[PDB]
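To start, the structure itself, in structure tokens.
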Amino acid sequence: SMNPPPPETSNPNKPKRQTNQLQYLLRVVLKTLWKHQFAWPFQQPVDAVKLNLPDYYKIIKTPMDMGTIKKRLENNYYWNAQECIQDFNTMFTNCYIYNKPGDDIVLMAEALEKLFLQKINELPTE
Ligand SMILES: CN1Cc2cc(S(=O)(=O)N3CCOCC3)ccc2N(C)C1=O
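Rendered as structure tokens:
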């Protein structure tokens, strides 16, 4: 079995910015979600080999996780907050698509998403 390469976290041709919203996404949103009790399954790319989920990357073609998001924020990969917010939403949606409703992992993602949305409705301006 084989995992795909992780999503891109470095690209010298991609334009970058450090905005107040992106700083907030790292300092408040990511920081808070990362230390949540249910963060651990989302702190790295889904390891389909280790978890014995050989169909995962057949079903999920746009993988995302908070480890990748953390790298993107810390290494100034983004041009804007929308890109980052989309990464969070992709992470949640992938989880809901792949896993059965009411699976533990889904309940965990839902708890993180609830927190995420509370933090996001208080972003600074752009
Ligand atoms: C986000 N994850 C990570 C993951 C983790 C695991 S897990 O680590 O076995 N696990 C199951 C119970 O909930 C806690 C996490 C199983 C499947 C996945 N897949 C399919 C994902 O969607």
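Sequential numbering of the sequence shown, starting at 42, is according to the deposited numbering.
No residue lacks a Cβ here, since even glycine has one placed at the ideal position from N, Cα and C.
Proximity test, residue i beta-carbon vs ligand 1 heavy atom, cut-off 8 Å
i	result
residue 110	no
residue 106	yes
residue 144	yes
residue 47	no
residue 87	yes
residue 52	no
residue 80	no
residue 150	yes
residue 83	yes
residue 118	no
residue 44	no
residue 125	no
Backbone secondary structure at residue i - three-state DSSP
i	result
residue 55	coil
residue 91	coil
residue 61	helix
residue 167	coil
residue 79	coil
residue 73	helix
residue 85	coil
residue 149	helix
residue 154	helix
Option nearest residue i by Cα separation, candidates the options
i	options	result
residue 130	104, 117, 116	104
residue 92	56, 44, 74	44
Self-check item: Every unbroken beta strand (DSSP E) inside the segment 92-145 [3 residues or more]
Solution: none
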